[PDB]
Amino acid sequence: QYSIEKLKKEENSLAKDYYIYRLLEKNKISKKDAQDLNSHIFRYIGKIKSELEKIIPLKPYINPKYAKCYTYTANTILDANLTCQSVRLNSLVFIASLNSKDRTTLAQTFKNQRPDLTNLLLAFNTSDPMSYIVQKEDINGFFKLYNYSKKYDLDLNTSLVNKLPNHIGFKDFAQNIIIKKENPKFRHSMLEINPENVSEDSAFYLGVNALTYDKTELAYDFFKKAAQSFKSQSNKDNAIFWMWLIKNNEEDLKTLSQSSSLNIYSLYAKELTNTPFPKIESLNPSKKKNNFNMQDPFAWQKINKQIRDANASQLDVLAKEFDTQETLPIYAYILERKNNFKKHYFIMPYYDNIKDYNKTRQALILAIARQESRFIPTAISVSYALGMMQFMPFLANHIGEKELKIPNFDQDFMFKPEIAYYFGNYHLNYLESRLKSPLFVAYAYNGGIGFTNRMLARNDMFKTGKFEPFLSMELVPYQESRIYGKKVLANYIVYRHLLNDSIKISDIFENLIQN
């Protein structure tokens, strides 16, 4: 327990934020303490923000240049000068709140200078503003209306849909309606997007979309364009896997099996082609200890800032300094950045705490820890998940106090490897018992067993099918969980291998198909 005066002498960081949040939820931050505190918050988003605002609410902020513009309402906007009228018409809710005659008057005012406003003003004089905006092919208006309400759904012709990808909002638009299975008329219309007009994630998601309609030839073209444009090798591998699954061109599978990225797609391709398992680095530092305190979360924030802001000369001196058994997690963290992510590091720190579990469970624990924290004992996420296993504080207190009844339990115990591993094994036992597959366990570990059960109970998710289970893995409705599951599954395959408990990744996929 650090007092608010001690914390103010620490660097702004997620760890300092976390401890400020702890004072706040304990009601130990007075109104006078809170005055200068917004400057002490590394990330003023989310629960620390709403908690601090129960003490000192911010009424801010309106730009003093446009202050007079917000003293008007729908009833008096025709009294406002021209600049205030245009300012207030940035909000589609404001536009919707006007009456028809005023929208018509304002539409005439702006048809010259701001035809975008005119189109929206007149769209809202109809029973379907989206249909009006689609007929004008007003791309900016289309996305403002989509952001205003997802409920609009409408068929879009070839000319219109091929103009949508040029807008910054298109990637999130397409991802959202495809992985949530919403706006079917939008989704069906995006079959007509020319692959030349999209790239990267947008092209990949349009390939997934094409597969849901069994347009395999259009899907192949989208995935090929994604493969040729993706920046990261991992994503490119994902896209090449789909090219192979659709057309079985064995040069695609060959490229996938030779990839430098270690992921489930390249692992699967290696297995399908009798290609040997990729080389895993071996890290056995001869030195045993140094000065660094692996239980000080402020020291980790400190050194993590340095490492992420180093050239090479600094990386090399850091690598040498943390080349000890004690700081093995930081050593492998540095080495991963030093080698520009081209080498594969799969350490097993604090191994005594798990060496007595069966090797399959050890692999799942290690796979989770690697993805969650890179084995940093004092890791703190932006929602204040804690320690190597990144336990959310609520779940950690339920287990620590109500289940395991640990004497004098504080949530900061999660920063201890033996607690993190013990709690992670305990929690994984709960999830494995309900879900079986390590993939599903991964989804529920990251996103809770709530949405996993909801997703598994749908009849279009991880059932049998031409492209299953791979298609379902692309349609997991939360992007974070979708990615997390693929990454943890790869880690799990690797660790089962290093533990001499190898498993064929093809067996993992067979078990995902519920019959």
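The term rigid core refers to the maximal set of C-alpha atoms that superpose within 1.5 Å between the two forms. The numbering used is simple: start at 1 and walk along the sequence shown.
Displacement analysis by core superposition in 8 other deposited structures of this protein ranks 58-66 above the other of 476-484 and 58-66 in root-mean-square C-alpha distance from the shown form. After superposition on the rigid core, the larger root-mean-square Cα deviation in 8 other deposited structures of this protein belongs to 312-320, not to the other of 312-320 and 100-108.
For the segment pair 282-290 and 241-249, the entry gives 282-290 the higher mean B-factor, averaged over Cα atoms.
Averaged over their C-alpha atoms, the temperature factors of 197-205 and 70-78 are higher for 70-78.
Taking the deposited Cα B-factors for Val476, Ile56, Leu489, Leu471, the highest one is held by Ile56. Listed residues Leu145, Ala312, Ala367, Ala442 were ranked by CA B-factor as deposited; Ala312 comes out on top.
Among the modelled residues of its chain, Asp172 has a C-alpha B-factor that falls in the middle third according to the deposited record.
Among all modelled residues in its chain, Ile483 ranks in the lowest third by Cα B-factor. When the modelled residues of the chain are ordered by their C-alpha B factor, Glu271 lands in the lowest third. In this PDB entry, the Cα temperature factor of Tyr220 sits in the bottom third of its chain's modelled residues, the lowest group. For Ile399, the recorded CA B-factor ranks within the highest third of the chain. Only modelled residues enter the ranking.
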